[PDB]
Amino acid sequence: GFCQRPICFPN
Amino acid sequence: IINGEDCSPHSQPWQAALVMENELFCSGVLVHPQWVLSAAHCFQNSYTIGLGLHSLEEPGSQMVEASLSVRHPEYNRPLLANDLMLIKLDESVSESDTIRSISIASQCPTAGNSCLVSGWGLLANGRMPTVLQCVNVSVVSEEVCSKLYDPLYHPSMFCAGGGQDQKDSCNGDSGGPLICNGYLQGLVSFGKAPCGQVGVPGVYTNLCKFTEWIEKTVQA
């Protein structure tokens with residue numbers, strides 16, 4: 001997944 | 001900052017620390033005497049902003065209040081995109097030897113551009129540093145960024161890093177500067193979790209797309 005460095009996108 | 005080193009003291013004099021109750025949650029970048037750029041996901045109702053710092057724990061350093069900020073009107077539309085805001089300091093700071101604004105790049109990023117990212121976010125060892133960290137990263141092409149960050153790549157973003165050297169931004173670095181060829185090119189925005197994976201660049205706010213919005217806001 002992706003995360004702001006916060007919202008994460010699971011992918 | 002993953003796999004960087006202590007910055008040379010005051011070599012990044014535009015670096016701003018965003019702290020709440022004296023705890024850092026983001027950085028920003030001084031772009032004019034009264035104006036700090038940061039990531040829109042760092043938005044708060046008010047800010048204490050550390051300028052001229054090297055350690056968070058120094059002649060010329062200042063702690064200033066900022067009571068006003070504005071997120072880009074399309075932040076998070078689509079998700080993660082347009083990740084910038086402007087913070088207006090409650091007083092202008094007279095440029096000094098250790099507090100200085102940086103210009104935004106007039107060119108947009110292209111693969112191979114050489115950059116430096118700095119911040120007080122997580123280290124490779126999982127700890128939070130006291131001293132500002134710096135590391136070198138290089139821009140990769142839009143096609144690399146799009147493929148790696150499918151399905152959410154948007155032209156308000158660009159990618160830098162991703163080497164086998166595992167140099168990257170990480171949590172707590174958001175809003176801080178990516179300086180490419182000596183100009184402010186990006187803000188730390190997001191990346192894959194974990195940070196510092198082999199081959200995996202971080203994602204930065206593509207400031208060359210926002211210079212008109214930034215300066216219209218400054219001048220309003």
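All heavy atoms count here, side chains included; hydrogens, waters and symmetry mates do not. Order of the sequence lines fixes the chain letters, A, B, ..., with proteins taken first and strands second; residue numbering starts at 1 for each chain.
- B:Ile102 and B:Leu207 fall within the same hydrophobic cluster, defined by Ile, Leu, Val, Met, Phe, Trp and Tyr side-chain heavy atoms under 4.5 Å apart, directly or through other members.
- Side-chain contact between B:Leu51 and B:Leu89 is present, with at least one heavy-atom pair separated by less than 4.5 Å.
- Taking the six-membered ring for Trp, B:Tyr149 and B:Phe190 have ring centres closer than 6.0 Å.
- Between B:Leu18 and B:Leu24, every side-chain heavy-atom pair lies at or beyond the 4.5 Å cut-off.
- With hydrogens and angles left out, the side-chain atoms of B:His32 and B:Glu215 include a donor and acceptor closer than 3.5 Å.
- A donor and an acceptor atom, one from each side chain of A:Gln4 and B:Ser174, are nowhere located under 3.5 Å apart.
- Each of B:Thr110, B:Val144, B:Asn113, B:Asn181 was compared with B:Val139 under the side-chain contact (heavy atoms from CB on, under 4.5 Å) criterion, and only B:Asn113 meets it.
- Side-chain atoms of B:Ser27 come within 3.5 Å of backbone N or O of B:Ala16 as a donor-acceptor pair.
- One hydrophobic cluster holds both B:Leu152 and A:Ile7 under the rule that ILVMFWY side chains link at heavy-atom gaps under 4.5 Å.
- With values rounded to the nearest 0.5 angstrom, B:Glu74 atom CD is found 13.5 Å from B:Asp83 atom CG.
- For B:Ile104 against B:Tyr183, the heavy-atom pair with the smallest separation is C-CB, 4.4 Å.
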Trace of the side chain to side chain contact (heavy atoms under 4.5 Å, CB included) decision for B:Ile1 with B:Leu123: CA-CA 5 Å; B:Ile1 302 289; B:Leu123 300 175; 5.6 Å; no

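- Donor-acceptor pairing under 3.5 Å is recorded for the side chains of B:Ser67 and B:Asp90.
- Between the B:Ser69 side chain and the B:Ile87 main chain, no donor and acceptor come within less than 3.5 Å of each other.
- Rounded to the nearest 0.5 angstrom, B:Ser101 OG and B:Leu37 CG are separated by 11.0 Å.
- Taking the side chain as every heavy atom from C-beta outward, B:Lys167 and B:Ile2 never approach each other to under 4.5 Å.
- Put simply, NE2 on B:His41 and CZ on B:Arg71 are 13.0 Å apart, with the number rounded to the nearest 0.5 Å.
- Cluster annotation: B:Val188 and B:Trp120 are assigned to distinct hydrophobic clusters (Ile/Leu/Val/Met/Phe/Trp/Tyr, side-chain heavy-atom contacts under 4.5 Å, transitive).
- Looking at B:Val19 and B:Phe25, their side chains never come closer than 4.5 Å, going by heavy atoms from C-beta outward.
- With rounding to the nearest 0.5 Å, the separation of OG in B:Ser96 from CD in B:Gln62 is 7.0 Å.
- B:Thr217 places a side-chain N or O within 3.5 Å of a backbone atom of B:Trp213 that can act as its donor or acceptor partner.
- Side-chain atoms of B:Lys192 come within 3.5 Å of backbone N or O of B:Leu148 as a donor-acceptor pair.
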Full working for side chain to side chain contact (heavy atoms under 4.5 Å, CB included) between B:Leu184 and B:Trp14: CA-CA 10 Å; B:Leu184 178 65; B:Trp14 46 84; 5.8 Å; no

Given side chain to side chain contact (heavy atoms under 4.5 Å, CB included), test B:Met157 with B:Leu80 step by step and report yes or no. CA-CA 9 Å; B:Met157 303 167 183; B:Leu80 305 183; 4.0 Å; yes

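- Nearest heavy-atom pair across B:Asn171 and B:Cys195 is N-SG, 4.1 Å.
- For the pair B:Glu65/B:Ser46, a side-chain contact is recorded, criterion being any heavy-atom separation below 4.5 Å from C-beta on.
- B:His54 and B:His10 have tilted rings, their planes meeting at an angle from 30° to 60° on a 0 to 90° scale.
- Side-chain polar atoms of B:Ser118 and B:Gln12 form no donor-acceptor pair below 3.5 angstrom.
- Between B:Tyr204 and B:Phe158, the two ring planes are tilted [angle within 30° to 60°].
- With sequence neighbours excluded, no residue forms a ring pair (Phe, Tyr, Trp, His ring centres under 6.0 Å) with B:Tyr47.
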Let's go through B:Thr48 and B:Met20 carefully: what are the C-alpha distance in whole Å and the side-chain angles of both, what is the deciding distance for side chain to side chain contact (heavy atoms under 4.5 Å, CB included) to 0.1 Å, and is it a yes or a no? CA-CA 7 Å; B:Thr48 292; B:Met20 190 162 292; over 6 Å; no

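- The heavy-atom pair separating B:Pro155 from B:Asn206 by the smallest distance is O-ND2, 3.1 Å.
- Considering only heavy atoms from C-beta on, B:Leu53 comes within 4.5 Å of B:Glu58 through its side chain.
- For the residue pair B:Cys208 and B:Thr211, the shortest heavy atom distance occurs at O-OG1, 4.0 Å.
- Between the B:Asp150 side chain and the B:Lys147 main chain, no donor and acceptor come within less than 3.5 Å of each other.
- For B:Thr205, there are no side chain to side chain donor-acceptor pair (under 3.5 Å) partners, not counting sequence neighbours.
- Linking ILVMFWY side-chain heavy atoms closer than 4.5 Å, directly or via other members, places B:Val140 and B:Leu178 in two distinct hydrophobic clusters.
- Donor-acceptor pairing under 3.5 Å is recorded for the side chains of B:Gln133 and B:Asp6.
- Considering only heavy atoms from C-beta on, B:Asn76 stays 4.5 Å or farther from B:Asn82 through its side chain.
- Between the side chain of B:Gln197 and the backbone N or O of B:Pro194, at least one donor-acceptor pair lies under 3.5 Å.
- With hydrogens and angles disregarded, no donor-acceptor distance shorter than 3.5 Å links the side chain of B:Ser8 to the backbone of B:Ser11.
- B:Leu56 approaches B:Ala17 most closely through the heavy-atom pair CD2-CB, 4.1 Å.
- Here CG of B:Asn136 is found 7.0 Å from OG of B:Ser114. Values are rounded to the nearest 0.5 Å.
- Taking a 6.0 Å sphere around CG of B:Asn45, one finds it holds 12 or fewer heavy atoms contributed by other residues, nucleotides or ligands.
- In terms of the salt bridge (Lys or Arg N to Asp or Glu O under 4.0 Å) criterion, residue partners of B:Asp168 (sequence neighbours excluded) are, by chain and number, A:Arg5.
- Side-chain contact between B:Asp165 and B:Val198: absent, with no pair of heavy atoms (C-beta onward) separated by less than 4.5 Å.
- Shown here for B:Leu187 and B:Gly175, the closest heavy-atom pair between the two residues is CD2-O, 3.6 Å.
- Formation of a donor-acceptor pair under 3.5 Å by the B:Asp173 side chain with backbone atoms of B:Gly121 is found in this model.
- In the hydrophobic cluster analysis, where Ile, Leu, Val, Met, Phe, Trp and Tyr join through side-chain heavy atoms closer than 4.5 angstrom, B:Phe43 is grouped together with B:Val64.
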